[PDB]
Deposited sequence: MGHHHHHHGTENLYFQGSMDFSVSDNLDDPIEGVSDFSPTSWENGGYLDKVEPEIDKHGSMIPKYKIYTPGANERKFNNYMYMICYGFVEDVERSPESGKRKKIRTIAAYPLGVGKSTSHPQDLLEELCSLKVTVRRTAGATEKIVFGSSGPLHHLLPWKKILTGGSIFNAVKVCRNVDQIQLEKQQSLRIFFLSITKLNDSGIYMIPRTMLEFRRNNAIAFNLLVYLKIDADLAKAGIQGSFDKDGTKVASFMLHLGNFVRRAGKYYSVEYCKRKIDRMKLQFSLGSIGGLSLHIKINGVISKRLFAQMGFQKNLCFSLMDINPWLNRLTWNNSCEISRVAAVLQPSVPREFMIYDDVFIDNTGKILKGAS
């Protein structure tokens, strides 16, 4: 059993009073049915990660399968706390997660048997704040006619894989025909910086170090720091980053139409090697 710490805001040199944690374990008969993830959230703590890991391994964590609109996994924790007291609410009062996010093989978890979680890894993300900022889901799911979606394609080395995320929408000017090198230089003024976290398993963290338009900035809640979790973007790929080393190998900007019909008209514009990856 081991841990790994991630510090997405390392270049900001801030003191990190907060720790986001997520752990992974075998779902076992009280043999191994599947692997699952147990997101503990953010606690205000400065404890040593070995103390946190060891107190977590002392807990009895139950795994109960259920359903709503979709299959769900309920975690119940049991045992006295000391170091884990900042995560006291989550660890002591049960928590529920969509099986798709936290378990690939929910279909293999038993109902006639009791199931426990045997933790083998603890993932930490150091934060100087109790909240991380993610663009609201309603706004990211928004589509407009005659619009260009500003998306990023992050390549990850772990074979090699990619995932795509969306920042917002530019206006597709009527009849105006927008050049690649044009856009690229509009994106370059944003001076986007990318670093990895482990929020949800794997998170991509974005700092806006340059200039960005008011109409686009508003789409991102006027926040110079944005966080996107791979658990939201691609739960299947996210599973492969659990207990596995990752780095960003390459980031492209992919400019696309927003609404589906306009995909028949406009092809993707692929701007390679955008922003800058922080040595981390």
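Visitor: What portions of the deposited sequence, indexed from 1, have no corresponding C-alpha atom in the structure?
Guide: Coordinates drop out over 1-62, 93-102, 231-248, 371-372.
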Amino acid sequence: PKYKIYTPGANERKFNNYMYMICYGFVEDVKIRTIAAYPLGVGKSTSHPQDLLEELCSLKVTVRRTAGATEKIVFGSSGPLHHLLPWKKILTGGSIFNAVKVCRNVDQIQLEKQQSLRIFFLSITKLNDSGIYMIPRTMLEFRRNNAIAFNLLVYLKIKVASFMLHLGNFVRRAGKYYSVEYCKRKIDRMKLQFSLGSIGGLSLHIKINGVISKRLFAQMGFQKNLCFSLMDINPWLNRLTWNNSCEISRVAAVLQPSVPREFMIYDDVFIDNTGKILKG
From here on, numbers count along this sequence of modelled residues.
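Visitor: Mean C-alpha B-factor higher for 186-194, or for 71-79?
Guide: So the stretch with the higher mean C-alpha B-factor is 186-194.
Visitor: Which is higher on average in the deposited entry, the C-alpha temperature factors of 213-221 or of 231-239?
Guide: Result of the comparison: 213-221.
Visitor: Have a look at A99, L152, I132, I109 and flag the one whose Cα has the highest B-factor in the entry.
Guide: The C-alpha B-factor peaks, among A99, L152, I132, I109, at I132.
Visitor: Identify, among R104, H166, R118, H205, the residue whose C-alpha carries the highest B-factor in the deposited PDB entry.
Guide: Result of the comparison over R104, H166, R118, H205: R104.
Visitor: Test of reading the entry: by CA B factor among the chain's modelled residues, which third contains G25?
Guide: As the PDB entry reports it, the C-alpha B-factor of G25 lands in the middle third of its chain.
Visitor: Would you mind checking where the Cα B-factor of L255 ranks among the modelled residues of its chain, as the lowest, middle or highest third?
Guide: Its C-alpha B-factor belongs to the lowest third of this chain's values.
Visitor: Sort the modelled residues of this chain by their C-alpha B factor and say whether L122 lands in the lowest, middle or highest third.
Guide: Answer is lowest: the recorded C-alpha B-factor places it there.
Visitor: Where does the C-alpha B-factor of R64 rank in its chain, lowest, middle or highest third?
Guide: According to the entry, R64 has a C-alpha B-factor in the chain's lowest third.
Visitor: How does the C-alpha B factor of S249 compare with the rest of the chain: lowest, middle or highest third?
Guide: Middle third by C-alpha B-factor.
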